[PDB]
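Q: Attaching a single structure in structure tokens format; questions to follow.
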Amino acid sequence: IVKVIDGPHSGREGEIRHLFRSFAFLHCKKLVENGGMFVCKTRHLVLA
Amino acid sequence: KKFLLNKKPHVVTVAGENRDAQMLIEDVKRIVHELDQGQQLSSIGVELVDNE
Amino acid sequence: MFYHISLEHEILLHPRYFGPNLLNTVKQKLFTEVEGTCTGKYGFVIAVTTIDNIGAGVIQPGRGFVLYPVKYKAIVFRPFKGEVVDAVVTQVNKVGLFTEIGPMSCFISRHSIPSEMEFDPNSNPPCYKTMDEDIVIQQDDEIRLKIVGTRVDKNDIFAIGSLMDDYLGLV
Amino acid sequence: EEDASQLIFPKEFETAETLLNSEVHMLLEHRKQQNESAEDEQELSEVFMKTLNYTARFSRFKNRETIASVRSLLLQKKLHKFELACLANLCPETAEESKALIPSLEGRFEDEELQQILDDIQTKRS
Amino acid sequence: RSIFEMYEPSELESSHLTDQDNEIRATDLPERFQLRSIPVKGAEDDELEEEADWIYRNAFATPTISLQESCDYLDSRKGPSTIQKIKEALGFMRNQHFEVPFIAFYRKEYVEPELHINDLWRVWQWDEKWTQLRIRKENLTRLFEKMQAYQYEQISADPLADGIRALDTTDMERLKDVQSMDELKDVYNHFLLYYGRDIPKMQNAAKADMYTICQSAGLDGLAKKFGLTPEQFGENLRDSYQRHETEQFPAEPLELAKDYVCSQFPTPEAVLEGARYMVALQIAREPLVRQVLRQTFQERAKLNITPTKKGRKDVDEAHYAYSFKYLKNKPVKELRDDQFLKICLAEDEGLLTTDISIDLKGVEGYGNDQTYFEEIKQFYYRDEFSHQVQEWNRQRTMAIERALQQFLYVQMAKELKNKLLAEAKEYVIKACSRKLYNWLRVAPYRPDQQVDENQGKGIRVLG
Amino acid sequence: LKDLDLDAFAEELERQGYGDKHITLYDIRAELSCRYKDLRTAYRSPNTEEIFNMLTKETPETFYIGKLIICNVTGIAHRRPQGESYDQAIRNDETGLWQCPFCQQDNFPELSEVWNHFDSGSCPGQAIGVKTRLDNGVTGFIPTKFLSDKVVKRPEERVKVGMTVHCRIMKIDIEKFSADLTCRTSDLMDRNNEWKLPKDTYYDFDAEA
Amino acid sequence: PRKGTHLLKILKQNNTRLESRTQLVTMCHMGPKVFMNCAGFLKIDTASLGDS
């Protein structure tokens, strides 16, 4: 579980499922957009 | 080489997946040159085509 | 329609949260849990208004997790069939008219809409004109609608309407 | 089967408490006013914002005193709970209008008995 | 039992067997004309001339607001003769029922050198657009005559209230002169402003909002006594010349109110607020006012962009929106290609927030700025130093400021946004089309011809 | 058919009552000459840029100069000695022993040992740069001078084969599928905004600041 | 596509090749406008035709 206070999804919460050199696919159940799943850069994250 | 000399197509094409297409085209061209040395064929020609 | 009922929910608390702020953490957890969610029984919950009481935590055997059954008075939004509610038109498209039923967004179709309401796509803002004009249903306008059908798409409510009336909508 | 037009709801919802547009608006407003204070708190969410900007555009009377008066003069009748919020939020013009609105009123009360209520509601409005 | 009762509708429509498919196969005319949304009816010379003029005006003549470079690999502005060429092309497409390819190949002598095949496709699309526009204008006219008759009936029922405004060639001519769905919806809103509650009673008798608050409380009279009418104000706004002297009532507005106090407006201040809202909405929903202001937006529309925390943190060095996450007054004239489409995508993603304003923003050297609001103030002001005139001028200033920054600066801004977005989408579609064109124009391979049956049967290839 | 007058025939047609047909008649004549001639452009071999964008999936917008990339170390380039330039050996005093200037190994007992090392072919040479591979197969060369803000002698002093390093593109060569890169922290930070892409003419540097 | 499939199906049922464009009007019963539209774009390779 990692928080995203800023970035492509500010004030967002979700569990990580897949990583990349500079990307991360976060999965959640509260969201509705894209079946409840988004993407954001790795360095733009924080260890909650 | 056996398959080519038996069938004798007019042109060979290679899928452009990655840079290995360079080595494949180089190999096909070397085979064609070796076959044209003794005049087994008459220049078939090799090309690179997008595989999308 | 929005209502105010008392619901109950059991939440487990990890032994690390023990301390003087135990009750505070339970209330905080309940807020973070039952707020903006949706269940097929009570519908979509907006927020929680208050908590009646905090049940006596029962420590589980072989598990530090102690569960509290808390009862909270909260508001819920569960639209039923036949009800009429207000909303603001969000977009007009040739496929239909879009609105916003609070936490829900409906959609109307030309077949339901009278035969007068033709289309205007060439203009920058599309709009359904009752043939001879006389009433605009463009964006940012208060329009009523009768919920003739409901639906919950996995914690997501989306009802449907119709239109061919004049006295609960825009006059 | 669930159809508010014919007055029928599940057992758990039958014992519910009706809410008005202005009522939910002031409730969410008070909640926002209480939440913005006390730093180090999880701010509101999109649901609260949309609900706020949705209920603020339908506040027929911001005065809690007027809300109390209207609910009190409405509850004195014999109509069910469902008939209190819909009508209180709609505020139609005339009795024929209100009857065409809610099909349950068709033959439930008198034309003038409802016209007077509609006029009282429109006057209490701000 | 029929095959339709057995087979699945999916397979049936994939095999094409419905009554609609039978009609398409049996009926004449090209299949693509029958499948078009709007039918393809005939056309006389009178209609064809006006249609050709309108097509040449709106498709090939009128440039794009954004800097969309004309890119046509198939091939530079056209001339008047294109009008006659489009006339001939449209005649062939409608009267004789000839499709674009046939007209481009076997009738090139009547379309070239002004129209090519892509131009013919464009003319065909604008033909469908014009057909829709004409149909809806004729509809409007018919039922507008009906509504005029209905108002005449309501009047013959029995001093009419000022809210029951009379109309005639003043609005019929505007309708019949409408040249685009823009003006169509402008006349729509104009008619709703005055008669927003007639379709109900009209349709009921035929089959047998806040402005409404103002209408019911009697605020229509105060709105009329306010001063200039919306039509006079619009003419003034257009001509930049006070051709209509501002009228004035023998009384201050606050004192003229009172009489209109009625519960919801318990005080003369509330009555004045309601009347101001009413006059502002009138000035906003007026055909001429809206047209002049739309033109002023297309001519003068400064763009600004503000990134929230979302965009501030996301839009890094490698993000696509890195070249426009901060903008401060950028003329829409200089939007190049799909730059605006990318901005809208970034906005929908919550990264940026756009703001299209007719005036500048954040200019330190405000000297000789002069905003559009200040310019139009002269068109409604009175040049007198009496206290009554000052009060009326302050009331009118408030009405104009509201009409603008609560209706027009939002509606026209959204309209310009949609037009720029549509132009960007058109650019993307043209890019995709010219790419598919480069892909398909390639001819079959051929061996070293410099050195019969193989070519007759096709060359053999090894992939 | 080339000697026939088609303008007279077109005039005859116009006088008869068929309208203008100059282009129609010329098209019919061109058709009699090689019935149905494939107007499509002849086949052409993909050029250098087409081959690059094809078998690398890169384009001028996705792959350009100054972009940040994440490459992996793979090999090292060296500059081998000459043929008779063996007298350049220096008696390194920090170790009190002879040293070759090509390999910088200061552990040879005598100049004879230095010459034996030269003859044995064990001298890899003076390092020139580092070789890396990109996710799209392009090769990357990072000269020793562009390996970091601080001066570096050989690649032995930084990174090694099998390490991921962030670099910045300096120059590209399509015919060879190579890129001269640089990973200096100064360049990665871009102190003076020298490598970043140009911003809009109406950018609000004031709001950014 | 709908008319193309119909024409191909008629040709298959007849079990005869499109010897001439006049067939589209005689046996296929194609409309005059449809014929005027699709006549100059259907090649009938008389070289490979051979016999009729």
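The way I read the labels, and the way they are meant: chains A, B, ... in the order of the structure tokens, residue 1 as the first residue of every chain, and ligand 1 as the first ligand shown, with later ones counted on from there.
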Name the residues in contact with range 98-101 of chain D at a cut-off of 10 Å, using only C-alpha atoms, excluding same-chain residues fewer than 5 positions from it; report them as a PyMOL selection string.
A: (chain C and resi 84+146+165-168) or (chain D and resi 86-87+90-93+106-109+111+114-115+118)
Q: Pull the strand (DSSP E) assignments for chain B out of DSSP run on the backbone, and list those residues as a list in words.
A: residues 11, 12, 13, 14, 15, 46, 47, 48 and 49 of chain B
Q: Got a sec: who's within 9 Å of residue 100 in chain F, counting only C-alpha atoms, leaving out chain neighbours fewer than 6 positions off, as a PyMOL selection string?
A: chain F and resi 86+88-91+106+108+114+117-118+123
Q: How about saving the chosen residues, N, CA, C and O atoms kept, as a PDB file, in the first residue's frame?
A:
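And here is the file that came out, again_32.pdb:
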```pdb
ATOM      1  N   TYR F  86      57.166   1.734 -27.112  1.00  0.00           N
ATOM      2  CA  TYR F  86      57.289   1.073 -25.822  1.00  0.00           C
ATOM      3  C   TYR F  86      58.205   1.814 -24.855  1.00  0.00           C
ATOM      4  O   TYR F  86      58.209   1.491 -23.662  1.00  0.00           O
ATOM      5  N   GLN F  88      57.813   4.687 -23.743  1.00  0.00           N
ATOM      6  CA  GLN F  88      57.043   5.657 -22.975  1.00  0.00           C
ATOM      7  C   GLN F  88      56.777   5.204 -21.548  1.00  0.00           C
ATOM      8  O   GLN F  88      56.139   5.943 -20.792  1.00  0.00           O
ATOM      9  N   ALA F  89      57.241   4.016 -21.166  1.00  0.00           N
ATOM     10  CA  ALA F  89      57.051   3.544 -19.802  1.00  0.00           C
ATOM     11  C   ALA F  89      57.675   4.519 -18.812  1.00  0.00           C
ATOM     12  O   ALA F  89      58.727   5.109 -19.072  1.00  0.00           O
ATOM     13  N   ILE F  90      57.018   4.685 -17.667  1.00  0.00           N
ATOM     14  CA  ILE F  90      57.430   5.639 -16.646  1.00  0.00           C
ATOM     15  C   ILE F  90      57.631   4.888 -15.339  1.00  0.00           C
ATOM     16  O   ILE F  90      56.852   3.990 -15.000  1.00  0.00           O
ATOM     17  N   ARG F  91      58.678   5.259 -14.605  1.00  0.00           N
ATOM     18  CA  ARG F  91      58.972   4.662 -13.304  1.00  0.00           C
ATOM     19  C   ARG F  91      58.076   5.331 -12.269  1.00  0.00           C
ATOM     20  O   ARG F  91      58.442   6.328 -11.646  1.00  0.00           O
ATOM     21  N   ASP F 106      50.896  -0.244 -12.548  1.00  0.00           N
ATOM     22  CA  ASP F 106      52.193   0.068 -11.946  1.00  0.00           C
ATOM     23  C   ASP F 106      52.633  -1.082 -11.040  1.00  0.00           C
ATOM     24  O   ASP F 106      52.653  -0.985  -9.813  1.00  0.00           O
ATOM     25  N   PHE F 108      55.183  -3.532 -12.701  1.00  0.00           N
ATOM     26  CA  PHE F 108      56.192  -4.223 -13.490  1.00  0.00           C
ATOM     27  C   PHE F 108      57.559  -4.037 -12.841  1.00  0.00           C
ATOM     28  O   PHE F 108      57.986  -2.891 -12.650  1.00  0.00           O
ATOM     29  N   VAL F 114      57.960  -4.592 -18.670  1.00  0.00           N
ATOM     30  CA  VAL F 114      57.001  -3.767 -19.399  1.00  0.00           C
ATOM     31  C   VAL F 114      57.000  -4.139 -20.877  1.00  0.00           C
ATOM     32  O   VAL F 114      55.939  -4.251 -21.507  1.00  0.00           O
ATOM     33  N   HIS F 117      55.270  -7.444 -21.327  1.00  0.00           N
ATOM     34  CA  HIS F 117      53.826  -7.251 -21.281  1.00  0.00           C
ATOM     35  C   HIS F 117      53.318  -6.710 -22.610  1.00  0.00           C
ATOM     36  O   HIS F 117      52.308  -7.184 -23.143  1.00  0.00           O
ATOM     37  N   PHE F 118      54.013  -5.714 -23.163  1.00  0.00           N
ATOM     38  CA  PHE F 118      53.633  -5.192 -24.471  1.00  0.00           C
ATOM     39  C   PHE F 118      53.633  -6.294 -25.526  1.00  0.00           C
ATOM     40  O   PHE F 118      52.699  -6.392 -26.332  1.00  0.00           O
ATOM     41  N   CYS F 123      47.973  -6.095 -23.086  1.00  0.00           N
ATOM     42  CA  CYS F 123      47.623  -4.700 -22.859  1.00  0.00           C
ATOM     43  C   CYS F 123      46.288  -4.385 -23.523  1.00  0.00           C
ATOM     44  O   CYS F 123      46.225  -4.325 -24.761  1.00  0.00           O
TER      45      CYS F 123
END
```
Q: How close does each residue of chain D get to chain C, giving the shortest atom pair and distance in Å to one decimal for every residue with an atom at most 8 Å away, counting only C-alpha atoms, sorted by chain and residue number, as a Markdown table?
A:
```
| residue | atom | partner | partner_atom | distance |
| --- | --- | --- | --- | --- |
| D:2 | CA | C:81 | CA | 6.4 |
| D:3 | CA | C:81 | CA | 5.1 |
| D:4 | CA | C:82 | CA | 5.5 |
| D:5 | CA | C:82 | CA | 5.6 |
| D:16 | CA | C:5 | CA | 6.0 |
| D:17 | CA | C:4 | CA | 5.4 |
| D:18 | CA | C:3 | CA | 5.2 |
| D:19 | CA | C:3 | CA | 5.4 |
| D:20 | CA | C:2 | CA | 7.8 |
| D:24 | CA | C:2 | CA | 7.8 |
| D:47 | CA | C:36 | CA | 6.5 |
| D:48 | CA | C:46 | CA | 7.4 |
| D:50 | CA | C:102 | CA | 6.7 |
| D:51 | CA | C:102 | CA | 5.6 |
| D:54 | CA | C:102 | CA | 5.6 |
| D:55 | CA | C:102 | CA | 7.7 |
| D:86 | CA | C:84 | CA | 7.6 |
| D:90 | CA | C:168 | CA | 7.5 |
| D:92 | CA | C:168 | CA | 7.4 |
| D:97 | CA | C:167 | CA | 6.6 |
| D:101 | CA | C:168 | CA | 6.7 |
```
Q: Just the selected residues (N, CA, C and O atoms), exported as an mmCIF file, in the first residue's frame, please.
A:
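What follows is the written file result04.cif:
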```
data_model
loop_
_atom_site.group_PDB
_atom_site.id
_atom_site.type_symbol
_atom_site.label_atom_id
_atom_site.label_comp_id
_atom_site.auth_asym_id
_atom_site.auth_seq_id
_atom_site.Cartn_x
_atom_site.Cartn_y
_atom_site.Cartn_z
ATOM 1 N N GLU D 2 -40.697 -2.900 -6.402
ATOM 2 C CA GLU D 2 -40.421 -1.678 -5.657
ATOM 3 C C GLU D 2 -40.813 -0.467 -6.491
ATOM 4 O O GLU D 2 -40.102 -0.111 -7.437
ATOM 5 N N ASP D 3 -41.925 0.180 -6.157
ATOM 6 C CA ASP D 3 -42.386 1.341 -6.914
ATOM 7 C C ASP D 3 -42.978 2.353 -5.945
ATOM 8 O O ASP D 3 -44.051 2.125 -5.377
ATOM 9 N N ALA D 4 -42.278 3.475 -5.770
ATOM 10 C CA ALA D 4 -42.739 4.502 -4.849
ATOM 11 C C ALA D 4 -44.072 5.085 -5.283
ATOM 12 O O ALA D 4 -44.785 5.662 -4.453
ATOM 13 N N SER D 5 -44.425 4.956 -6.563
ATOM 14 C CA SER D 5 -45.696 5.499 -7.026
ATOM 15 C C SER D 5 -46.854 4.834 -6.296
ATOM 16 O O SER D 5 -47.829 5.500 -5.927
ATOM 17 N N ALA D 16 -37.457 4.397 7.625
ATOM 18 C CA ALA D 16 -36.414 5.377 7.389
ATOM 19 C C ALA D 16 -36.901 6.778 7.747
ATOM 20 O O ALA D 16 -38.090 7.018 7.965
ATOM 21 N N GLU D 17 -35.957 7.709 7.804
ATOM 22 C CA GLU D 17 -36.226 9.104 8.129
ATOM 23 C C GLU D 17 -36.009 9.925 6.866
ATOM 24 O O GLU D 17 -34.908 9.933 6.308
ATOM 25 N N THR D 18 -37.052 10.628 6.435
ATOM 26 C CA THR D 18 -37.001 11.401 5.203
ATOM 27 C C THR D 18 -36.111 12.626 5.369
ATOM 28 O O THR D 18 -36.045 13.232 6.440
ATOM 29 N N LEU D 19 -35.415 12.988 4.291
ATOM 30 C CA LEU D 19 -34.544 14.154 4.295
ATOM 31 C C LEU D 19 -34.875 15.080 3.139
ATOM 32 O O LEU D 19 -35.223 14.633 2.042
ATOM 33 N N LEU D 20 -34.745 16.375 3.395
ATOM 34 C CA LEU D 20 -35.001 17.402 2.402
ATOM 35 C C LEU D 20 -33.694 17.870 1.770
ATOM 36 O O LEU D 20 -32.594 17.614 2.265
ATOM 37 N N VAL D 24 -30.249 18.155 3.827
ATOM 38 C CA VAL D 24 -28.984 17.493 3.520
ATOM 39 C C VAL D 24 -27.923 18.523 3.194
ATOM 40 O O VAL D 24 -26.742 18.331 3.504
ATOM 41 N N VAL D 47 -17.124 12.710 -3.713
ATOM 42 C CA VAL D 47 -18.533 12.478 -3.423
ATOM 43 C C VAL D 47 -19.099 13.639 -2.624
ATOM 44 O O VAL D 47 -20.180 14.154 -2.927
ATOM 45 N N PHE D 48 -18.384 14.066 -1.585
ATOM 46 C CA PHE D 48 -18.854 15.199 -0.796
ATOM 47 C C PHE D 48 -18.941 16.467 -1.637
ATOM 48 O O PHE D 48 -19.899 17.232 -1.511
ATOM 49 N N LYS D 50 -19.375 16.815 -4.945
ATOM 50 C CA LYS D 50 -20.480 16.749 -5.892
ATOM 51 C C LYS D 50 -21.816 16.821 -5.174
ATOM 52 O O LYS D 50 -22.738 17.495 -5.639
ATOM 53 N N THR D 51 -21.938 16.143 -4.034
ATOM 54 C CA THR D 51 -23.156 16.239 -3.246
ATOM 55 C C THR D 51 -23.392 17.671 -2.788
ATOM 56 O O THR D 51 -24.532 18.140 -2.773
ATOM 57 N N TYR D 54 -24.348 19.804 -5.634
ATOM 58 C CA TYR D 54 -25.635 19.327 -6.098
ATOM 59 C C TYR D 54 -26.783 19.784 -5.209
ATOM 60 O O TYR D 54 -27.806 20.248 -5.715
ATOM 61 N N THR D 55 -26.614 19.706 -3.891
ATOM 62 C CA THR D 55 -27.646 20.126 -2.953
ATOM 63 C C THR D 55 -27.673 21.631 -2.727
ATOM 64 O O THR D 55 -28.679 22.149 -2.230
ATOM 65 N N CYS D 86 -40.772 14.370 -1.142
ATOM 66 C CA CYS D 86 -40.918 14.667 -2.560
ATOM 67 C C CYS D 86 -41.603 16.019 -2.721
ATOM 68 O O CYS D 86 -41.049 16.937 -3.330
ATOM 69 N N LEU D 90 -40.211 19.504 -4.274
ATOM 70 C CA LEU D 90 -40.679 19.924 -5.592
ATOM 71 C C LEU D 90 -41.303 21.315 -5.557
ATOM 72 O O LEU D 90 -40.929 22.187 -6.347
ATOM 73 N N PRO D 92 -44.639 22.426 -6.267
ATOM 74 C CA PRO D 92 -45.354 22.753 -7.511
ATOM 75 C C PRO D 92 -46.193 24.015 -7.371
ATOM 76 O O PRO D 92 -46.183 24.661 -6.318
ATOM 77 N N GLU D 97 -51.604 20.404 -10.716
ATOM 78 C CA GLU D 97 -50.204 20.116 -10.987
ATOM 79 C C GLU D 97 -49.660 19.075 -10.025
ATOM 80 O O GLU D 97 -49.140 18.039 -10.449
ATOM 81 N N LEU D 101 -48.354 15.297 -10.685
ATOM 82 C CA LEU D 101 -47.000 14.946 -10.271
ATOM 83 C C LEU D 101 -46.979 13.616 -9.529
ATOM 84 O O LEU D 101 -46.436 12.624 -10.027
#
```
Q: Quick one: residues within 6 Å of range 16-30 of chain A, only C-alpha atoms counted, chain neighbours fewer than 4 positions away excluded, as a ChimeraX atom specification?
A: /A:36-42
Q: Per DSSP on the backbone, filter chain B down to the residues in helix (DSSP H, G or I) and report them as number ranges by chain.
A: B: 2-7, 20-37
Q: Any chance you could export the current selection's N, CA and C atoms as a PDB file, in the first residue's frame?
A:
```pdb
ATOM      1  N   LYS B   2      18.790 -24.810 -49.269  1.00  0.00           N
ATOM      2  CA  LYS B   2      18.091 -25.873 -49.980  1.00  0.00           C
ATOM      3  C   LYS B   2      16.680 -25.440 -50.366  1.00  0.00           C
ATOM      4  N   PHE B   3      15.932 -24.885 -49.410  1.00  0.00           N
ATOM      5  CA  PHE B   3      14.558 -24.475 -49.698  1.00  0.00           C
ATOM      6  C   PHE B   3      14.497 -23.443 -50.813  1.00  0.00           C
ATOM      7  N   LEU B   4      15.395 -22.460 -50.781  1.00  0.00           N
ATOM      8  CA  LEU B   4      15.400 -21.429 -51.812  1.00  0.00           C
ATOM      9  C   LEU B   4      15.738 -22.010 -53.173  1.00  0.00           C
ATOM     10  N   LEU B   5      16.831 -22.765 -53.254  1.00  0.00           N
ATOM     11  CA  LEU B   5      17.226 -23.349 -54.526  1.00  0.00           C
ATOM     12  C   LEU B   5      16.184 -24.313 -55.068  1.00  0.00           C
ATOM     13  N   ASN B   6      15.332 -24.869 -54.211  1.00  0.00           N
ATOM     14  CA  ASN B   6      14.315 -25.792 -54.690  1.00  0.00           C
ATOM     15  C   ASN B   6      13.076 -25.047 -55.161  1.00  0.00           C
ATOM     16  N   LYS B   7      12.689 -23.985 -54.454  1.00  0.00           N
ATOM     17  CA  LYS B   7      11.469 -23.253 -54.771  1.00  0.00           C
ATOM     18  C   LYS B   7      11.752 -22.089 -55.713  1.00  0.00           C
ATOM     19  N   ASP B  20      17.241  -7.646 -34.807  1.00  0.00           N
ATOM     20  CA  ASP B  20      17.657  -8.924 -35.373  1.00  0.00           C
ATOM     21  C   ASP B  20      17.271  -9.024 -36.838  1.00  0.00           C
ATOM     22  N   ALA B  21      16.326  -8.201 -37.288  1.00  0.00           N
ATOM     23  CA  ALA B  21      16.002  -8.163 -38.706  1.00  0.00           C
ATOM     24  C   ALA B  21      17.225  -7.786 -39.526  1.00  0.00           C
ATOM     25  N   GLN B  22      18.110  -6.959 -38.972  1.00  0.00           N
ATOM     26  CA  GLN B  22      19.342  -6.628 -39.679  1.00  0.00           C
ATOM     27  C   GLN B  22      20.180  -7.874 -39.939  1.00  0.00           C
ATOM     28  N   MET B  23      20.386  -8.700 -38.911  1.00  0.00           N
ATOM     29  CA  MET B  23      21.180  -9.909 -39.101  1.00  0.00           C
ATOM     30  C   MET B  23      20.495 -10.897 -40.039  1.00  0.00           C
ATOM     31  N   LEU B  24      19.173 -11.036 -39.933  1.00  0.00           N
ATOM     32  CA  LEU B  24      18.462 -11.935 -40.834  1.00  0.00           C
ATOM     33  C   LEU B  24      18.584 -11.496 -42.284  1.00  0.00           C
ATOM     34  N   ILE B  25      18.412 -10.202 -42.550  1.00  0.00           N
ATOM     35  CA  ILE B  25      18.524  -9.729 -43.922  1.00  0.00           C
ATOM     36  C   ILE B  25      19.949  -9.878 -44.420  1.00  0.00           C
ATOM     37  N   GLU B  26      20.925  -9.640 -43.551  1.00  0.00           N
ATOM     38  CA  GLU B  26      22.304  -9.838 -43.967  1.00  0.00           C
ATOM     39  C   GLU B  26      22.546 -11.291 -44.348  1.00  0.00           C
ATOM     40  N   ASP B  27      22.030 -12.229 -43.548  1.00  0.00           N
ATOM     41  CA  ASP B  27      22.200 -13.647 -43.852  1.00  0.00           C
ATOM     42  C   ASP B  27      21.513 -14.039 -45.155  1.00  0.00           C
ATOM     43  N   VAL B  28      20.293 -13.553 -45.383  1.00  0.00           N
ATOM     44  CA  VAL B  28      19.607 -13.910 -46.620  1.00  0.00           C
ATOM     45  C   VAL B  28      20.386 -13.371 -47.809  1.00  0.00           C
ATOM     46  N   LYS B  29      20.929 -12.159 -47.682  1.00  0.00           N
ATOM     47  CA  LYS B  29      21.696 -11.585 -48.781  1.00  0.00           C
ATOM     48  C   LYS B  29      22.999 -12.344 -49.016  1.00  0.00           C
ATOM     49  N   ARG B  30      23.656 -12.802 -47.945  1.00  0.00           N
ATOM     50  CA  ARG B  30      24.858 -13.612 -48.124  1.00  0.00           C
ATOM     51  C   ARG B  30      24.534 -14.931 -48.813  1.00  0.00           C
ATOM     52  N   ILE B  31      23.412 -15.553 -48.442  1.00  0.00           N
ATOM     53  CA  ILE B  31      23.007 -16.788 -49.104  1.00  0.00           C
ATOM     54  C   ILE B  31      22.740 -16.528 -50.577  1.00  0.00           C
ATOM     55  N   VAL B  32      22.055 -15.428 -50.881  1.00  0.00           N
ATOM     56  CA  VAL B  32      21.757 -15.113 -52.273  1.00  0.00           C
ATOM     57  C   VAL B  32      23.040 -14.884 -53.054  1.00  0.00           C
ATOM     58  N   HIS B  33      24.011 -14.204 -52.451  1.00  0.00           N
ATOM     59  CA  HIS B  33      25.263 -13.970 -53.158  1.00  0.00           C
ATOM     60  C   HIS B  33      26.006 -15.275 -53.406  1.00  0.00           C
ATOM     61  N   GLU B  34      26.028 -16.166 -52.418  1.00  0.00           N
ATOM     62  CA  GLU B  34      26.696 -17.447 -52.616  1.00  0.00           C
ATOM     63  C   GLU B  34      26.010 -18.261 -53.707  1.00  0.00           C
ATOM     64  N   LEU B  35      24.682 -18.165 -53.808  1.00  0.00           N
ATOM     65  CA  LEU B  35      23.973 -18.892 -54.858  1.00  0.00           C
ATOM     66  C   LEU B  35      24.179 -18.256 -56.223  1.00  0.00           C
ATOM     67  N   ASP B  36      24.398 -16.945 -56.268  1.00  0.00           N
ATOM     68  CA  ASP B  36      24.632 -16.277 -57.540  1.00  0.00           C
ATOM     69  C   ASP B  36      26.069 -16.434 -58.008  1.00  0.00           C
ATOM     70  N   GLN B  37      26.998 -16.726 -57.094  1.00  0.00           N
ATOM     71  CA  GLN B  37      28.381 -16.962 -57.488  1.00  0.00           C
ATOM     72  C   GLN B  37      28.440 -17.956 -58.641  1.00  0.00           C
TER      73      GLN B  37
END
```
Q: Which residues of chain A come within 12 Å of chain D, and for each one, what is the closest pair of atoms and their distance in Å to one decimal, counting only C-alpha atoms, sorted by chain and residue number, as a Markdown table?
A:
```
| residue | atom | partner | partner_atom | distance |
| --- | --- | --- | --- | --- |
| A:5 | CA | D:42 | CA | 11.3 |
| A:10 | CA | D:45 | CA | 11.5 |
| A:11 | CA | D:45 | CA | 9.1 |
| A:12 | CA | D:45 | CA | 10.4 |
| A:30 | CA | D:45 | CA | 11.8 |
| A:31 | CA | D:46 | CA | 11.2 |
```
Q: List as a PyMOL selection string the protein and nucleic acid residues near residue 198 in chain E, meaning an atom at most 9 Å away when only C-alpha atoms are counted, but skip any in the same chain fewer than 2 places from it.
A: (chain C and resi 134-135+171) or (chain E and resi 147+151+195-196+200-203)
Q: Dump N, CA, C and O atoms for the selected residues as a compact mmCIF listing (two decimals), in the first residue's frame?
A:
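Output (out-v5.txt):
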```txt
# COMPACT_ATOMS: atom_id res chain seq x y z
N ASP C 134 -38.76 27.18 -27.10
CA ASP C 134 -39.65 27.57 -26.01
C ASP C 134 -39.15 27.04 -24.66
O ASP C 134 -39.77 27.33 -23.64
N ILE C 135 -38.07 26.25 -24.64
CA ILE C 135 -37.57 25.69 -23.39
C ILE C 135 -36.22 25.01 -23.65
O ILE C 135 -36.12 24.11 -24.49
N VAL C 171 -40.25 24.67 -16.25
CA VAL C 171 -41.44 25.35 -16.74
C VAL C 171 -41.06 26.71 -17.30
O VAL C 171 -41.86 27.64 -17.30
N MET E 147 -47.31 28.49 -33.22
CA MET E 147 -47.21 29.18 -31.93
C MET E 147 -47.74 30.60 -32.02
O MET E 147 -48.35 31.10 -31.07
N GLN E 151 -50.67 32.09 -29.70
CA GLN E 151 -50.64 33.34 -28.96
C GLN E 151 -51.78 34.26 -29.38
O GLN E 151 -52.39 34.92 -28.54
N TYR E 195 -40.68 33.15 -24.28
CA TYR E 195 -41.79 32.22 -24.14
C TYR E 195 -41.26 30.90 -23.61
O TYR E 195 -41.14 29.92 -24.34
N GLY E 196 -40.86 30.88 -22.33
CA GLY E 196 -40.34 29.66 -21.76
C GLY E 196 -41.40 28.75 -21.17
O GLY E 196 -41.07 27.66 -20.69
N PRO E 200 -45.73 23.85 -22.79
CA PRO E 200 -46.63 23.08 -21.93
C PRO E 200 -48.09 23.33 -22.24
O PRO E 200 -48.80 22.43 -22.69
N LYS E 201 -48.56 24.56 -22.01
CA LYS E 201 -49.98 24.85 -22.22
C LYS E 201 -50.37 24.70 -23.68
O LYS E 201 -51.46 24.22 -23.99
N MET E 202 -49.48 25.09 -24.59
CA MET E 202 -49.78 24.97 -26.01
C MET E 202 -50.03 23.51 -26.40
O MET E 202 -51.05 23.19 -27.01
N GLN E 203 -49.09 22.63 -26.06
CA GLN E 203 -49.25 21.22 -26.40
C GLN E 203 -50.44 20.60 -25.67
O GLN E 203 -51.17 19.78 -26.25
```
